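Below is one structure, written out as structure tokens, with a few remarks after it.
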Amino acid sequence: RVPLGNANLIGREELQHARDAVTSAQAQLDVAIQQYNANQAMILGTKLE
Amino acid sequence: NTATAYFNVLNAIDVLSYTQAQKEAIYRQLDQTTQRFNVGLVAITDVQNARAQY
């Protein structure tokens, strides 16, 4: 969507929404990654015994 | 007849101005549609329709 806005062929609210969507997706990914890391704190990559 | 001819000329002037404005608007719409297709949000049929309208 960015190039259309560069030439002023879409509303600026459309660019704001897309950028905010990218940021929100990044935050959700961070939440998932930290959850997984929290789970891995109880194993520390050691054998079963 | 003289009065009628005078007013006909004036009406023609006004209609010409209106159609010029219409052409500007349609040209900008065609530009938008072509750019969107190039960026990859529409199909060729939309560009064909825009060209027909222009």
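Quick mapping for you: the protein sequence lines, in order, are chains A and I.
Read left to right, the first sequence gives residues 146 to 194 (the entry's author numbering).
Read left to right, the second sequence gives residues 108 to 161 (the entry's author numbering).
Built from N, CA and C at the ideal position, the CB exists for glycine as well.
By Cβ distance, which residues of its chain are closer than 6 Å to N156/I, with the 5 residues on each side in sequence left out? Excluding residues within five positions, none has a Cβ falling inside 6 Å.
Looking at the structure shown, is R143/I part of a helix, part of a strand, or coil, going by DSSP? Residue state, collapsed to three classes: helix.
Would a C-beta distance cut-off of 7 Å place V149/I and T141/I closer than the cut-off? Contact annotation: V149/I and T141/I have beta-carbon atoms that are not nearer than 7 Å.
Whole-Å CB distance - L137/I paired with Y161/I, under 8 Å assumed: The Cβ separation is near 5 Å, so the contact holds.
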